[PDB]
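Throughout, numbering of the chain's residues begins at 1 and tracks the sequence.
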Amino acid sequence: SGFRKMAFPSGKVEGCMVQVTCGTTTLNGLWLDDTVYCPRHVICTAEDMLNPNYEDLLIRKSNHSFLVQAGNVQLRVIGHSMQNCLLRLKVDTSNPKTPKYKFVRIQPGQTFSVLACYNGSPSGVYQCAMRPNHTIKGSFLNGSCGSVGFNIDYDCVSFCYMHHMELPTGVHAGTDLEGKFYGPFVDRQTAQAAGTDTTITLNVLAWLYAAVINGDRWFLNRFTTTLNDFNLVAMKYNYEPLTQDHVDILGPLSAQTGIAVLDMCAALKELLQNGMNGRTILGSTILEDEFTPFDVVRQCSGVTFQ
Ligand SMILES: CC(C)C[C@H](NC(=O)/C=C/c1ccccc1)C(=O)N[C@H](C=O)C[C@@H]1CCNC1=O
């Protein structure tokens, strides 16, 4: 029993974090096979960071403008290129600790683990949701750029995020591992506002199913609702519209609890309209939206506490 925001075990990723220095700027790089990936603003000085032209800044560097340190071992750069907002450094050594990996671009509402690192040395692990507005509510200080977000399937690491910047509201923005930003952000030392954000309705629902799987039914009711009538309430409460695909996705959790999706939607509509009346759900006083249906199936028992 229990339900916690749970990261993936970070060991396979720890073995790939390195430190990358260029001039005075130092940040983290990801070392896989014979390549180190890292944010391209490592080649920027304080002057450059406001309005940098990275094509121009980069051609002025050689391979030996870049210092790559893996633990104590210094790694020799033997090639470099720019891929969107990333730099690809080829090094003379292949990382023997490289795991089976893919690069994926996650979709809004999906979750991933973050391995926060400073000077190429892992520091902490936590679980994040890609918000609809393409930000993540991370925990990052100066020096954290190059930290990665990842999921782990069996023994394959799916890298999906590299950290680049912090927005004025304290949330974070970054790229996939091809250097393409999530959301409309750019790597420039300027304030850029997150778009307005929304609650992830599919995740709220998967988590109410987790509560029932773990044996708690107090919030259910006798009513039901149409998709459209639910979506009138969701829009009043700044919840994402529920679609027929999201209903379909909840099929397995609906099956395991015996609670039809639109019945659970009627439960959520009532929770939105009346509040929770000083009660908790899975230990929380608010409706949680950073667990996907995949997260719920992964963590809960396949046997409901009936
Ligand atoms: C050249 C750019 C892309 C670098 C990036 N710059 C920024 O994140 C600037 C953010 C900002 C906030 C308010 C007003 C104006 C700007 C950065 O510092 N990135 C840092 C990576 O090293 C991570 C920051 C540092 C503090 N917490 C973080 O997540």
Side-chain angles (χ1 to χ4, degrees), residues 1-10 106-114 125-132 137 150-155 158 198-227 229-231 233-234 237-306:
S1 193
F3 201 80
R4 278 261 195 199
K5 272 179 210 195
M6 191 175 308
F8 285 102
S10 63
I106 62 159
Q107 302 310 300
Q110 294 187 270
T111 56
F112 59 91
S113 317
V114 170
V125 201
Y126 52 82
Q127 191 77 1
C128 270
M130 179 64 63
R131 306 294 320 168
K137 303 202 195 120
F150 58 99
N151 287 280
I152 302 182
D153 185 37
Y154 298 108
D155 291 78
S158 284
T198 316
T199 298
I200 304 150
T201 303
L202 176 59
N203 291 3
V204 177
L205 286 166
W207 174 82
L208 292 173
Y209 276 111
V212 170
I213 295 185
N214 284 11
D216 197 3
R217 298 178 52 108
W218 74 254
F219 46 83
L220 303 173
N221 61 31
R222 51 177 280 244
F223 305 114
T224 189
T225 181
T226 65
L227 194 124
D229 285 341
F230 174 85
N231 285 341
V233 182
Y237 289 87
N238 187 20
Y239 270 52
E240 269 178 332
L242 182 82
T243 64
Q244 183 56 49
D245 293 359
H246 296 165
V247 173
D248 296 341
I249 275 166
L250 290 157
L253 287 164
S254 182
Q256 190 191 319
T257 59
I259 298 159
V261 179
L262 296 166
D263 293 349
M264 189 69 78
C265 285
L268 168 62
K269 182 196 300 175
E270 183 175 288
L271 287 176
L272 283 196
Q273 274 152 358
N274 305 353
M276 287 165 60
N277 293 156
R279 308 180 68 133
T280 63
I281 293 181
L282 279 166
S284 166
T285 62
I286 59 166
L287 299 166
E288 179 68 56
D289 82 339
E290 301 221 335
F291 293 102
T292 69
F294 175 91
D295 299 343
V296 174
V297 168
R298 171 196 163 212
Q299 178 167 183
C300 297
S301 163
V303 173
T304 294
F305 189 19
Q306 283 212 117

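Listed for the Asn231 side chain is a donor-acceptor partner under 3.5 Å among the backbone atoms of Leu242. Judged by distance alone, the side chain of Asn151 and the main-chain N or O of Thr111 form a donor-acceptor pair under 3.5 Å. The backbone N or O of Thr201 lies less than 3.5 Å from no partner atom in the side chain of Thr199, so there is not a single donor-acceptor pair. Of the possible polar contacts, one joining the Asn203 side chain to the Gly109 backbone as a donor-acceptor pair under 3.5 Å is found.
Residues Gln273 and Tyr237 meet the side-chain proximity criterion, which asks for heavy atoms closer than 4.5 Å. Annotation: side chain of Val233 is not in contact with side chain of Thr225 (no heavy-atom distance under 4.5 Å). Using a 4.5 Å heavy-atom threshold, the side chains of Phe291 and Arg4 count as separate. Side chains of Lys137 and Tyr126 form no contact here, defined as non-hydrogen atoms less than 4.5 Å apart. Between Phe305 and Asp216, the closest side-chain pair of non-hydrogen atoms is not below 4.5 Å.
Taking the ring-ring contact (aromatic ring centres under 6.0 Å, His included) definition, one finds that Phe112 meets it with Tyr161, sequence neighbours left out.
Screening residues 279-292 for salt bridge (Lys or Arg N to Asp or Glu O under 4.0 Å) gives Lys5-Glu288, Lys5-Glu290, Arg131-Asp289, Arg131-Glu290 as the qualifying pairs, with residues at least two apart or on separate chains.
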Enumerate donor-acceptor pairs with a distance under 3.5 Å from any side-chain N or O in residues 249-256 to protein atoms, sequence neighbours excluded.
unit_1 : atom_1 : unit_2 : atom_2 : d
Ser254 : OG     : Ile259 : O      : 2.6
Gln256 : NE2    : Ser301 : O      : 3.1
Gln256 : NE2    : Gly302 : O      : 3.4
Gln256 : NE2    : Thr304 : OG1    : 3.3

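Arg298 contributes atom CZ, which lies 11.0 Å from atom CG of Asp153 (distance to the nearest 0.5 angstrom).
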